[PDB]
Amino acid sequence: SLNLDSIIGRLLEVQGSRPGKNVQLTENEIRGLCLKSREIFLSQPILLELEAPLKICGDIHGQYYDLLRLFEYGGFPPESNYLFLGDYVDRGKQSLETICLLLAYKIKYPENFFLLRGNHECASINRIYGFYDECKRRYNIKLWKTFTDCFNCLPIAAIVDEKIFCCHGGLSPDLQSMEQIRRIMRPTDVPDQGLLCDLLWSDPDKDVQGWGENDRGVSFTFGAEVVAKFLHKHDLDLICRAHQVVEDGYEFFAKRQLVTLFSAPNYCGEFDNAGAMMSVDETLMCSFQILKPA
């Protein structure tokens, strides 16, 4: 019933156009994408064990044109395997086209395309920062509730070849074993406190020793030493996260033990940033593809 290849074809038709051309799918096609993606999310672990080669991407925030550029540089699926670290909606102008293409690719390739949950894949957040207004304007409130039910089943973290830990925000003072993540039940909202909250909200800070209060008002900050101790305890080599705008699209921390990815160029306006995508080959040999602002 779900004509996936026609949906993807219509979503990719605006490839080659000036940034801003809309794709207006039907309400039933979008609701079909959400429900089928939701059941695929629930059938897969909440802590994904992934394998290289794959390409990792950071925040998109409804910048659909730059998502298509990112796919042009790294190859549209299934030419390359993808892992997104969340924050697909809000702030941008085309959050609907962004999330619909990512959900469709998740359904078309359930074992080579993966999406993690960001703090904006939460009804308490995306109601305010743009996604709800975009759903209400172009569709209805009922479709927004359907997106929420789908967002509550997104996986929380991913581990690539038992060596690269991936989440949207960062570490948590309540994260002692990876089994704690695997036991989180879905569907679930994002709490104001606890492990699930910190994995989507926390940030690294250079001027903090240990754990400190995050000026976002939510979760905590962690220093370069918490990263090194966390990597040594679980025999990991790198933490891969997003959640923060960075000038070059990437930013190292704790001597290349943690990296921050951001894939939305010209995000702040008052601060010009580039977008980056992390490419990892079979030997865990990593590099960066940079998306220069248009």
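In this text, rigid core is short for the largest set of C-alphas that superpose within 1.5 Å between two forms. Each residue number is its position in the shown sequence, starting from 1.
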When the other structures are laid on this one by the rigid core, do the CA atoms of 270-278 or of 19-27 sit farther away in 6 other deposited structures of this protein? 270-278
Averaging C-alpha B-factors over each stretch, which comes out higher, 269-277 or 19-27? 269-277
Regarding 115-123 and 172-180, which shows the higher C-alpha temperature factor on average in the entry? 172-180
Quiz for you: based on the deposited Cα B-factor, which of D215, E134, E97, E162 is highest? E162
Among the choices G62, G32, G249, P53, identify the one whose CA B-factor in the record is greatest. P53
Tell me, lowest, middle or highest third: where does the Cα B factor of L236 rank within its chain? highest
Of the three thirds of the chain ranked by Cα temperature factor, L4 occupies the middle
Can you work out whether the C-alpha temperature factor of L154 puts it in the lowest, middle or highest third of the chain? middle
For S219, does the deposited CA B-factor place it in the lowest, middle or highest third of the chain? lowest
Quick check on the deposited entry: does the C-alpha B-factor of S202 sit in the lowest, middle or highest third of its chain? middle
